[PDB]
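# Observations on chain architecture
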Amino acid sequence: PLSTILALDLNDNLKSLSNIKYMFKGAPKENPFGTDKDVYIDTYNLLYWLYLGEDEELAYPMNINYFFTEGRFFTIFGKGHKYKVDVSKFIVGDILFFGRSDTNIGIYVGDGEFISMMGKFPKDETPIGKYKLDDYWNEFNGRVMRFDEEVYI
Amino acid sequence: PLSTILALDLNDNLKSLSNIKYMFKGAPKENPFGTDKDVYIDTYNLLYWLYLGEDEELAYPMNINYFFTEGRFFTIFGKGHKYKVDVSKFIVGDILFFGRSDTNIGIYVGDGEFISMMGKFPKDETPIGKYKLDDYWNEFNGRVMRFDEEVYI
Amino acid sequence: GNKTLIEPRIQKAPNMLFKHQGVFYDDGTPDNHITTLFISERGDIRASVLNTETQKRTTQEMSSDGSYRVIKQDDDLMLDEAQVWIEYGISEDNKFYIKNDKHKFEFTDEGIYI
Amino acid sequence: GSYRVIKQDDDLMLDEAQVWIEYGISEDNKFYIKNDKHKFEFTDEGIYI
Amino acid sequence: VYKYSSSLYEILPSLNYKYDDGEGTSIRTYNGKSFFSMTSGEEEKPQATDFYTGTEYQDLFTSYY
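cryo-EM is the method the PDB entry lists for this structure, together with a resolution of 4.4 Å.

Below, the structure is given as structure tokens:
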């Protein structure tokens with residue numbers, strides 16, 4: 001699948017993407033992968049740049065309103081419920097939401113982990129990294145989504 | 001009638017009163033008619049100065065609260081209704097209100113027209129003029145009043 | 001609830017203001033102090049304190065373009081046609097200045113001028 | 001109508017302040033910046049310290 | 001009719017009242033003639049203006065029984 005392959009590529013190249021930094025709503029005009037210079041990018045723009053490398057384009061800045069009506073996704077689990085036993089049933093590439101108001105999102109990877117940027121709010125210098133799901137399981141919020149390209153347009 | 005004669009005199013002298021300018025709440029201490037110098041006057045003060053030339057005095061600044069309790073007027077048509085066929089039944093000299101909160105008023109003249117000052121809010125330089133009622137019929141608000149001097153005091 | 005945005009009915013920008021005034025107080029003298037916190041649709045901010053009977057006003061005004069300006073008046077409430085007044089702040093252009101009826105004191109980006 | 005900004009380092013109350021700095025418009029039309037040392041003042045006419 | 005019918009007009013135990021409407025007009029009052037107001041339409045601009053001395057409390061139509 002496209003999403004799984006992209007997630008595996010990101011995991012393989014995760015250590016080499018230290019140039020990408022964390023910011024609240026970073027929306028740079030330069031592709032992080034096509035430049036060695038450091039650049040501040042958030043999770044939504046990171047996903048947009050990751051999916052723009054292939055033929056898919058999506059849209060910019062790809063805020064929370066993108067998922068509501070664009071039809072690019074179909075929900076797997078709804079918000080409001082939180083089960084720790086069903087986490088194993090998920091697959092790589094699924095988008096994981098965080099925060100009570102959709103403050104941040106993430107990409108699921110195997111072995112009970114997820115890829116996202118975490119740090120202090122006022123433009124932290126910490127680069128992208130991978131964190132265990134146990135400590136962040138509290139703020140998972142239960143929302144899960146998945147991609148689909150074959151039927152769209 | 002006093003009001004009709006005053007309205008006819010104002011219509012005859014409308015072209016010669018270019019010195020009078022428009023402002024939101026202009027309340028000058030100088031009579032516009034007794035001076036060649038330009039002066040900023042709003043509709044309420046204009047009516048006060050027009051009626052002060054004769055024996056009648058009324059009061060100053062003659063705000064919206066004047067009509068409520070002074071007893072100088074009796075309503076012809078109430079607010080909340082708007083009929084375009086009954087407009088012909090009106091007579092010259094009737095006071096025409098405008099705005100949802102009594103922002104501005106006017107004096108009715110024949111041939112389906114009214115006399116008022118219209119312009120941009122921050123102290124427009126446009127002088128007094130006459131405008132067709134068709135475009136301003138939307139903001140008429142239905143309120144109409146009339147004068148009476150014989151029975152008062 | 002059904003994954004739909006709550007569109008505002010009116011899209012035009014509002015204009016807020018906090019007008020404060022009274023009639024009298026325990027001292028017995030009449031109340032004549034008027035202050036406002038008006039905000040325009042274009043983004044301007046004006047905090048002012050007025051005394052209508054004495055014909056005095058002091059205003060802290062912000063323009064939509066981003067001009068800092070504080071104006072004090074002694075004999076005219078309206079900003080226009082002010083005889084005695086003092087002004088200091090940032091104009092629409094990047095120039096710090098203090099001006100009055102006499103020649104002003106100005107601090108351009110380079111140098112000092114009067 | 002007096003514009004005034006006051007900073008204090010060792011006393012919350014305005015009265016009886018030892019170390020402080022003030023700048024703004026007094027009740028009289030005079031722009032000034034004052035501290036413990038002699039102030040810088042800009043009257044309607046001229047410059048004085 | 002929506003302009004006038006849609007009006008959540010309420011009066012506190014104090015005679016100062018609170019007002020909301022389907023349109024952008026929204027008026028709140030406090031002790032004395034002090035009040036808070038907001039609006040967007042240019043026609044309703046005098047209701048929440050600050051020209052010269054600002055709009056009077058009597059000018060507002062919601063301030064009358």
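Text resumes after the structure shown.
## Quick notes on the arrangement of the chains
Most contacts, when the 5 pairs of chains in contact are compared, are made between chains C and E. Without any contact between them, chain B and chain D keep their closest C-alpha atoms 24 Å apart.

## Side note on the pattern of salt bridges
In total, this model carries 22 salt bridges over all chains according to the counting rule given. Of the charged contacts in the structure, one is a salt bridge between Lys21 of chain B and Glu125 of chain B, with a shortest N-O distance of 2.6 Å. Note that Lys21 of chain B is positioned in strand β1 (residues 20-21) and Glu125 of chain B in the loop between β6 (113-116) and β7 (129-132), a separation of 104 residues in sequence. Relative accessible area serves as the criterion here: at 13%, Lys21 of chain B is assigned to the buried category. A salt bridge links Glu23 of chain E to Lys3 of chain E; the nearest nitrogen and oxygen atoms lie 3.1 Å apart. A residue pair is termed long-range when its members are at least 10 positions apart, and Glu23 of chain E in the loop between β2 (17-20) and β3 (26-29) and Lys3 of chain E in helix α1 (residues 2-5) qualify at 20 residues. According to the relative accessible area criterion, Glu23 of chain E is buried, its value standing at 15%. Taken together, the shared-partner salt bridges connect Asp44, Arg46, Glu61 and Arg69 of chain C into one network.

## Looking at the interface of chain E and chain C
It is common to give the size of an interface as the accessible area that goes away when the parts come together. Contact with chain E, which involves 24 residues of that partner, is made by 21 residues of chain C. Here chain E meets chain C over a buried area of about 2,000 Å², counting both sides, of which 55% is carbon and sulfur. If you sort the residues of chain E by the area they bury against chain C, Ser40, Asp50 and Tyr52 of chain E come out on top, with a joint share of 30%. Applying the counting criterion to the chain E and chain C interface returns 2 salt bridges. Among the ionic pairs, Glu23 of chain E bridges to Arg9 of chain C, the shortest N-O distance being 3.5 Å. At the boundary of chain E and chain C, one finds 8 residue pairs in polar contact. Residue contributions to the side of chain E that touches chain C peak at 5 residues, all from strand β4 (residues 35-39) of chain E. Here the side of chain E that touches chain C is composed, by residue class, of 8 nonpolar, 11 polar and 5 charged. In terms of strand pairing, strand β1 (residues 15-19) of chain C meets β4 of chain E through 5 bridges, oriented antiparallel. When the bridges of β4 of chain E are listed, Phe18 of chain C appears paired with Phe36 of chain E.

## What to know about the nonpolar core
Within the largest apolar cluster, 32 residues are counted, with the highest numbers of intra-cluster contacts made by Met62, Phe67 and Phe73 of chain B. Residue assignment for this core shows that the elements contributing at least two residues are α1 (2-12), α2 (43-52), α3 (65-69), β4 (95-98), β5 (104-109) and β8 (144-147) of chain B. When residues no more than four places from it in sequence are discounted, the contact partners of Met62 of chain B are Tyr44, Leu47, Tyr48, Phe67 and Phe73 of chain B. The next biggest cluster of nonpolar side chains, apart from the first, holds 31 residues, and it includes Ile20, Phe73, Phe97 and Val109 of chain A.

## Here we look at helix α1 (residues 2-12) of chain A
All names here are of chain A. Listing the buried residues of α1 in full gives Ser3, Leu6, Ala7 and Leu10. Buried residues in α1, looked at end-on, bunch into an arc of 100°, giving them a common side. Taken together, the buried residues of α1 touch α2 (43-52), β5 (104-109) and β6 (113-116).

## Some details on empty space enclosed by the protein
Residues and elements named next belong to chain B. Enumeration according to the criterion identifies 5 cavities of 30 Å³ or more in this entry. Its volume calculated, the largest cavity comes out at about 70 Å³. The set of elements that each furnish at least two residues to the lining of the largest cavity consists of α1 and α2. Broken down by element, the lining of the largest cavity gets its largest block of residues, 4 residues, from α1. Within the lining of the largest cavity, the residues separate by chemical class into 7 nonpolar, 2 polar and no charged.

## Details of the side chain of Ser37 of chain E
If you trace the backbone, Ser37 of chain E turns up in strand β4. Those residues in contact with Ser37 of chain E, other than ones at most four positions away along the chain, are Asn15, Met16 and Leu17 of chain C together with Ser26, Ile27, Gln47 and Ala48 of chain E.

## What to know about α2 of chain A
All names here are of chain A. Among the 10 residues in α2, 9 count as buried, and that is most of the element. Taken residue by residue, α2 has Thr43, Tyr44, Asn45, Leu46, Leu47, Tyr48, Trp49, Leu50 and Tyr51 as its buried positions. On its buried face, α2 is in contact with α1, β1 (20-21), α3 (65-69), β4 (95-98), β5 and β8 (144-147).

## What to know about the sheet that holds strand β2 (residues 33-39) of chain C
All names here are of chain C. Here we have 7 strands laid out as an open sheet, ordered β2-β3-β4-β5-β6-β7-β8, and antiparallel in their pairing. Edge positions in the sheet fall to β2 and β8 (105-107), since each of these pairs with one other strand and no more. Within this sheet the neighbouring strands show an average axis-to-axis angle of 5°, counted without direction. Across 3 bridges, strand β7 (residues 96-99) lies against β8 in antiparallel orientation. Bridge pairing in β8 links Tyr97 to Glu106.

How each quantity is defined
Residues numbered from 1 in each chain as written, not as in the entry; some residues may be left out. Chains lettered and ligands numbered in written order. Part of a larger assembly, values for the part shown. Heavy atoms only, no water. Contact = heavy atoms within 4.5 Å. Salt bridge = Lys/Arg side-chain N within 4 Å of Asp/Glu carboxyl O. Helix = DSSP H or I, 4+ residues; strand = E, 2+ residues; numbered from the N terminus. Buried < 20%, exposed > 50% of the residue type's maximum accessible area, 1.4 Å probe, protein only. Buried area = accessible area lost by both parts, 1.4 Å probe. Polar contact = N/O pair within 3.5 Å; in protein donor to acceptor, adjacent residues only side chain to side chain. Nonpolar A, V, L, I, M, F, W, Y, C, P; charged D, E, K, R; others polar. Pairing = 2+ DSSP bridges. Core = buried A, V, L, I, M, F, W, Y, C linked by side-chain atoms within 4.5 Å. Arc of directions from axis to C-beta. 1 Å grid on protein atoms, 1.4 Å probe; cavity = no way out; pocket = protein on both sides within 12 Å on 5 of 7 lines; lining within 4 Å. Points joined across faces, edges and corners; volume = space filled by probe spheres on them. Axes fitted to C-alpha atoms, helices over the stretch in contact; angles between N-to-C directions.

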